[PDB]
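So this first bit is one chain, no partners, the form deposited in one PDB entry, shown in structure tokens.
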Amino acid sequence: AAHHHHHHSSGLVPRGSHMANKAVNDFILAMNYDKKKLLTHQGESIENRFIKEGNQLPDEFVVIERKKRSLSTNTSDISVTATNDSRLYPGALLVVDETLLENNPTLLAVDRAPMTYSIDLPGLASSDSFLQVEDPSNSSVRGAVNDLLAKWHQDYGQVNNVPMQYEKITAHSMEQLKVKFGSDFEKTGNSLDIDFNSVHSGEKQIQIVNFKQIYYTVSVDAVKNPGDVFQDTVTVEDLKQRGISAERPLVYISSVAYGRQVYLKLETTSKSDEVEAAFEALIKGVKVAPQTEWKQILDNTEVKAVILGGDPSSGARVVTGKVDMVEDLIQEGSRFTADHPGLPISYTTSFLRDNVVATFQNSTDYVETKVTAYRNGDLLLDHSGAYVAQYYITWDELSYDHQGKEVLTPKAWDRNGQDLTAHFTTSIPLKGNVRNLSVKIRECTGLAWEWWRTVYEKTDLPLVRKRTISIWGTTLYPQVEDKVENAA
């Protein structure tokens, strides 16, 4: 007796019956899977073997120290890069597999039961926040939301000045960026034209800034029973036909954030350690003095950006140029108006089975490259004395061997020890290479009991941009000037 109740004598479960929805509900509840393992991905996992490198650039000598780092993110927020993604609407059903991890999700588009949404809008009434969509799709949900928006803007609603939020990192690897911003980021990074090669060779430094402006978010309350999102026309076999199982379970978009997003690239050829500070000052719109080190950095900074939402169409703009246009990028989407509903920039998913928020674990190993720059310099000599003079100029040229060991190669001015006469001038180019610079200058007095007189003798001379050593005067009273020009 107990076997037959709530069942058809045919033994079949009729399509469009309450029995069908019940079977679907039990079918999803019966699923046993590991939530974390299904949403976990590993990046590269590099090994810690690195040697110190030295390289000569046209204007400077760089010392590069490579190091393996680890970046691991564990978030439920999924960044949106697609423009008009029909799949990414509130309450949409997504399949849990590789495609969900890659942010190119598989939409489960079956007959949907009505769903109730709430929207958090600054200056929106309590019970006017709810929306009842009878047949959830991208269109029906988008329409219901925009209808509420249009009403909310035309009725009243202050032009809410939207807060700007941003997170930033120093670029190193494309994989590392993907862990930080999402695995769909590769499209954006290619638009930003990030020069990873020049970073690794220490020729330039990159910082990536992600701006977010959330106008509003649409949310879905917890689903009581897994089968409550399906119409009775949906059967268990229908789900299996589309490959739904405990191994490929279901998830629903529990909320979507709407507004404007900006991925910013700050590309500087500087090797300074004040780069992060200079970039920050730029973002804050802080005035920069011309003779500062920051101004040197910012003048040599190329800026590219991808705009998602705000201003014109929904389409993504790829603006390019100098530092001057960063300020307007930030101010552009400051106000949320009737002109633009705003578009999805972020969404979150919850498992259909138990409404637990789906959290994605991503990690990767990357090489953190440090670069230390030593500027080239020139050593200038001027001989305007009434005497024969000799120079003894000597230095070491620094290099690094294939084992990263430090190497000092002795060097000497080819005209050392030679008798030089006024008016003699010369310029000796010295690379950042140079350590332990020593200059000795002596003069022939003509006196039999003391033929030579030292006019100048310094060791460990700093490699400034321009050092001019000028000698003049007489055999008995020689004069010397050690003039340094190293101002920025």
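Sequential numbering from 1, following the sequence displayed. For the two forms, the rigid core is made up of the largest set of C-alpha atoms that agree within 1.5 Å on superposition.
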Can you tell me whether 214-222 has a higher mean C-alpha B factor than 152-160 in this record, or the other way round? 152-160
Decide which of the stretches 246-254 and 69-77 has the higher mean C-alpha B-factor, going by the entry. 69-77
Quick one: which of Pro462, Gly432, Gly446, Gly43 shows the highest Cα temperature factor in the PDB entry? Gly43
In this PDB entry, which of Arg415, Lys304, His340, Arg142 has the top CA B-factor? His340
Can you tell me whether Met174 has a C-alpha B-factor in the lowest, middle or highest third compared with the other modelled residues of the same chain? highest
Using only modelled residues of the chain, where does the Cα B factor of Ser127 rank: lowest third, middle third or highest third? highest
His383 CA temperature factor, ranked by third within the chain: lowest
Sorting the chain's CA B-factors, does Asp34 end up in the lowest, middle or highest third? middle
Sorting the chain's modelled residues by C-alpha B-factor and splitting them into thirds places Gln390 in the lowest
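The protein also exists as the form deposited in another entry; that form is not presented, and the subsequent description refers to it.
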Quick check for you: superpose on the rigid core, then look between this form and the one not shown for a C-alpha move of 2 Å or more. Which of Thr40, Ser427, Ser45, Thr421 is it? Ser45
After a rigid core superposition, would you say the CA of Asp155 moves by 2 angstroms or more between this form and the one not shown, or not? yes
Answer yes if the CA of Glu406 moves 2 Å or more between this form and the one not shown after aligning the rigid core, and no otherwise. yes
